[PDB]
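For the single chain, residues carry numbers from 1 onward in sequence order.
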Amino acid sequence: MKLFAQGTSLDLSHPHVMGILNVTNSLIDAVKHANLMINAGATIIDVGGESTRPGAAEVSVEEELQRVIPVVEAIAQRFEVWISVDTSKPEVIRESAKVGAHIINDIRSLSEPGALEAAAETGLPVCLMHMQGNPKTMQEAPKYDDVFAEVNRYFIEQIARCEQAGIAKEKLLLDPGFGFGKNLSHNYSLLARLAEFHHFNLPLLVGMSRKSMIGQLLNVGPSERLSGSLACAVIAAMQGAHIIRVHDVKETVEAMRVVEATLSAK
Ligand SMILES: Cn1c(SCC(=O)O)nc2c(=O)[nH]c(N)nc21
């Protein structure tokens, strides 16, 4: 199982670590941070210029472009590392793809006007992430009769939706979107059953690093969540998750090596 973008490949026979690069000189700090994460073992750098927090004061297209496009550009013309962009906006999708982005990672699964078509036209791999509702309001009262089933259903529908717009099944990644319209129980239900999302035969991407599913369980703030975060990463990778999105790269890469050695021996 592989992915193809910008004339190179990503080999998903083992877990990859995705380093979070939040951009909210700005440009000099970001490149350094991307460098430190590449050295630490990160093979994808995730550039994100719009807060996805439950607060959610949305940003303009011009400001998202200002924050994201120079950073993606800088990274693609130094390093060989794959680059993913956290955007919902078709112009950011178009523009970051031109300057060398490899993966469109949209928390809204290309639901914005023109986003689906803009993604189609780039030919780049697209991540389909589940969220109930939208960021402004998703956390007030998350509710499912059956969270696994509803997330499963969501991937069926979105995979079709992307196929119909001319994006090949081979381009898609799936992500049940931990913390995106989910309480603590919902999140752990999805993590315990994550291996069952393999039936789609698509790479699974997951993102639990320092999230409330650790914070609420341990009753600690965001800087005290590393052990819980590594536990979540290992639990997911043991179930065959292909990409782990994290803040703490060195520690996550160390944990993934232990998982790789374990899965080799099976
Ligand atoms: C942008 N983005 C965030 S932002 C919130 C945070 O970093 O806590 N979380 C995720 C995630 O879980 N999956 C994917 N695919 N993208 C994500």
Results of side chain to side chain donor-acceptor pair (under 3.5 Å) for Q6 - residues two or more places apart only: none
For residues 197-211, the salt bridge (charged side-chain N to carboxylate O under 4.0 Å, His left out) pairs (sequence neighbours left out) are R210-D248
Counting C-beta onward and ignoring hydrogens, is there a side-chain heavy-atom pair between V85 and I103 closer than 4.5 Å? no
For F148, the ring-ring contact (aromatic ring centres under 6.0 Å, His included) test, sequence neighbours excluded, returns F197
Applied to residues 223-266, the ring-ring contact (aromatic ring centres under 6.0 Å, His included) test, sequence neighbours excluded, yields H198-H242
Residues pairing under ring-ring contact (aromatic ring centres under 6.0 Å, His included) where one sits in residues 35-74, two or more places apart or in two chains, turn out to be none
So salt bridge (charged side-chain N to carboxylate O under 4.0 Å, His left out) across residues 218-235, not counting sequence neighbours, yields none
Contacts satisfying ring-ring contact (aromatic ring centres under 6.0 Å, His included) that involve residues 15-51 (not counting sequence neighbours) are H14-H16
Salt bridge (charged side-chain N to carboxylate O under 4.0 Å, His left out) contacts touching residues 160-182 (sequence neighbours left out): none
Distance-only donor-acceptor pairs under 3.5 Å for side chains of residues 17-24, two or more places apart:
from : atom 1 : to  : atom 2 : distance (Å)
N22  : OD1    : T24 : N      : 3.3
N22  : OD1    : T24 : OG1    : 3.1

Between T8 and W82, do the side chains contain a donor N or O and an acceptor N or O under 3.5 Å apart? yes
Residues 163-193 vs ring-ring contact (aromatic ring centres under 6.0 Å, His included), sequence neighbours excluded, gives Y144-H186
Sorted by first residue and then second, give each salt bridge (charged side-chain N to carboxylate O under 4.0 Å, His left out) pair with at least one member in residues 37-58; sequence neighbours left out. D46-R245, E50-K89, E50-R108
Does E121 have any side chain to side chain donor-acceptor pair (under 3.5 Å) partners at least two apart in sequence or in another chain, and if so, which? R94
